[PDB]
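Please note: Cβ atoms are built from the backbone with ideal geometry, for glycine as well, and neighbour counts cover all protein chains shown. Read the figures in this text as sums done on the coordinates, not as results from a lab.
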Amino acid sequence: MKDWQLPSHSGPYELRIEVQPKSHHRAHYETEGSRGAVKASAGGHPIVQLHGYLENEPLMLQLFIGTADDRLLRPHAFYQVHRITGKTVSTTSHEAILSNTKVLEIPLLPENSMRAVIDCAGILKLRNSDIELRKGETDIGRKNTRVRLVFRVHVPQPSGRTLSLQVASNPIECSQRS
């Protein structure tokens, strides 16, 4: 069983979500207990499964939350919280923070078995028209508040035609008193 010459397939490298639930989230309420969370269906974030690469080597998926009003993705303000509890997931994720810039790095298997579902995190809304090391107190907020989950994996290699896909999608538009 190998790949000597079996011309009967049509699925190149591609990391598409297995399930995409509603795309909304009421991120504006959480001051009762101490730090509750907010997560809609499928723990807010949808499911993720990389399929399209039969390489026998583990790659690092580039997953993080960035804002986007047109296309130039940007680093969210404090949207980097995402602790998992209750259910136990064998997903091996990581958190990298370099000054107001957190990201997620999860090494997945391209040709073996590494399906994972992200539904155990939360967002932190504390805008105040002046994010600074002191405290954000004003009322609710007076600035856009959209978000965009970027799902793209890029492997380092010579032939650009190797493994590189982008999947930035997330219709989360905010508004006044919303």
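In whole Hz and in residue order, list the ³J(HN,Hα) couplings for segment 46-58 that follow from phi through the Karplus curve 6.51 cos²θ - 1.76 cosθ + 1.60, θ = phi - 60°; x for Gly and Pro.
Listing the rounded values in order: x, 8, 9, 9, 8, 9, x, 10, 9, 7, 8, 9, x Hz.
Output wanted: per-residue J couplings in Hz (rounded whole) for segment 133-140, from phi through Karplus 6.51 cos²θ - 1.76 cosθ + 1.60, θ = phi - 60°, x for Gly and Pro.
Result, rounded to whole Hz: 6, 6, 2, x, 10, 8, 3, 9.
Enumerate the amide H contacts of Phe64 below 5 Å, restricted to partners 5 or more residues apart or on another chain; note that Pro and chain-start residues carry no placed amide H.
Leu104, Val150
What's the percent breakdown of Cα-Cα distances in the chain across 10 Å bins, shortest bin first?
Computed distribution, short to long bins: 8, 33, 33, 16, 7, 2, 0.
Compare the Cα positions of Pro171, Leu73, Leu50 along the charge dipole of the chain (+1 at Cβ of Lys, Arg; -1 at Cβ of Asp, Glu; about the Cα centre) and return the one farthest towards the positive end.
Towards the positive end, the residue furthest out is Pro171.
For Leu59, enumerate residues with amide H under 5 Å from its amide H, sequence gap 5+ or separate chain, H modeled in the peptide plane.
It is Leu108, by chain and number.
Of the GluC sites (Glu not before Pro) in segment 29-58, which ones lie in a loop per DSSP and count no more than 11 other C-beta atoms within 10 Å? Let's see the in-between values first.
Working: sites: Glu30, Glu32, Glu55; in loops: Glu30, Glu32, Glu55.
Passing both the DSSP loop test and the Cβ count: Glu32.
Give me the percent relative contact order of the chain, please, defined on Cα pairs under 8 angstrom at least 6 residues apart.
Answer for the chain is 27 percent.
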